[PDB]
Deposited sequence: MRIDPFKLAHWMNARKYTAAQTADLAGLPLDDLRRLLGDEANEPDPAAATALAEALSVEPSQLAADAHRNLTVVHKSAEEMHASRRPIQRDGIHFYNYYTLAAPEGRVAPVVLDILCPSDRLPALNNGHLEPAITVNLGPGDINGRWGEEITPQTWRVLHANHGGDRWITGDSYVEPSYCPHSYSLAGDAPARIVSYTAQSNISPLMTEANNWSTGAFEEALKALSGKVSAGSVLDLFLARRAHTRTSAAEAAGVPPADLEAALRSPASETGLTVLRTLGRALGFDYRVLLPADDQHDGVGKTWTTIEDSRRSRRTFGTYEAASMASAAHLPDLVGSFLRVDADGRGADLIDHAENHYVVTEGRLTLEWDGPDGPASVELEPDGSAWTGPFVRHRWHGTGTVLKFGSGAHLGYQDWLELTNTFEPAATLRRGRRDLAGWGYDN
């Protein structure tokens, strides 16, 4: 219900109003406005021709760590009925109020019943089997090796690696059942969807414009197709663009068939400099169901390494999802460039952090969990297993792209805050 001083200053500048003029237009005290840089908010919004939400400060300020005990986690249990049976139990892990919470599921569909599919969800997720039992994953109506596979639990001696993991692909329906008699739990961890802000906007476009967008995005989205959109944007043709960059038409065509060859790169960067765009977005990403990201217990075992005071093993990952991360951590300083979500699987562990009130700590037992904000310095003590998940748009890989395009990004951020 508060006013963001950074958003307010933005809108005043956008309208080219001084503080005095703004207070005058809004009919409020100038000292009040200077301090801000409930009844004020509506007047300010109207004076600056914006919606109240456009001036609204975040509901959470100076968050560092949020935590949730095993007891609180167990208390959050909600049964899910599906296909005439008690199908899952659903529990939530630590997250800031209002944010999407990581989920633990009891898998209750028995081995002799095909698990009814959900509707899918936009956000991708890392799902890992916590065990103790093997489970079936289902990804299609018909039951084939492509749509039906066992997500194993670790039955052996290094249980800190709990089981198989994979990435649930965006939007595709899925479900789980027990592979046998033994019970099982999973963690499914969603990252923010990076295509969501585009879709939110595209949803409000006219149907005509939307159809035009889908045409431009249909088929193979290549260096050439994207470049042609960049050129049209700048009122250029391939002919005029190559001439502007001082590049032969044949060398441009060659670059577009091999963008990631350092000659292809040279041509595209030269064109980008001449025309005012970033060549990096023209470079190839890997061609795009569960087999690629699938990570076995063995895979994770093979990945084991020392990471400072910890031992670490990898869960599933995808190069097309750089913001979504998962690791097994054995405990016996941590700082990330975005958010972390942790859940204890073994031991009575202490999470320590430095926050606005100095050194702080919390003790967590299995099923206990925590969240850390971007760049919150922290560490774990005790002995010693926690699952480490990561998500967040800030700083996300798209932010990294922009930051490399920024002169003195630290100075820019400092200016924004004071």
Deposited-sequence segments unaccounted for in the coordinates: 38 to 45, 297 to 298, 343 to 348, 435 to 443
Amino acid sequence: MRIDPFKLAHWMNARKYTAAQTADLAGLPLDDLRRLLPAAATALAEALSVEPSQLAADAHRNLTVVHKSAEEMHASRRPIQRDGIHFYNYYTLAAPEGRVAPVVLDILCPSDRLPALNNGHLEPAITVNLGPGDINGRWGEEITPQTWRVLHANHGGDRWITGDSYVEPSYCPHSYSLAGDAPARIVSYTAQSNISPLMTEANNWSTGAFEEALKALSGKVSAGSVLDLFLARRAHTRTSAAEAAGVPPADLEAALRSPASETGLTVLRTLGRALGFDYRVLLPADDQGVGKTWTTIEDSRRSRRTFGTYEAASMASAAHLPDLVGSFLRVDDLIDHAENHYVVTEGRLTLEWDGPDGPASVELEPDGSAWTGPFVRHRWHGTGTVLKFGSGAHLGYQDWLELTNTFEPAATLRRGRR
From here on, numbers count along this sequence of modelled residues.
Averaging the C-alpha B factors as listed in the entry, name the stretch that ends up higher: 167 to 175 or 79 to 87. 79 to 87
Tell me which of 124 to 132 and 254 to 262 has the higher mean C-alpha B-factor in the deposited entry. 254 to 262
Tell me, please, which of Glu212, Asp228, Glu339, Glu243 has the highest C-alpha B factor according to the deposited entry? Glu243
Per the entry, which of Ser369, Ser391, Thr64, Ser53 tops the list for Cα B factor? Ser53
Chain-relative CA temperature factor third for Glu298: middle
Ranked by Cα temperature factor within the chain, is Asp24 in the lowest third, the middle third or the highest third? highest
Looking at the C-alpha B-factor of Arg238, is it in the lowest, middle or highest third of its chain? middle
Of the three thirds of the chain ranked by Cα temperature factor, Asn13 occupies the highest
Where the record places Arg280 (Cα B-factor, split into thirds across the chain): lowest
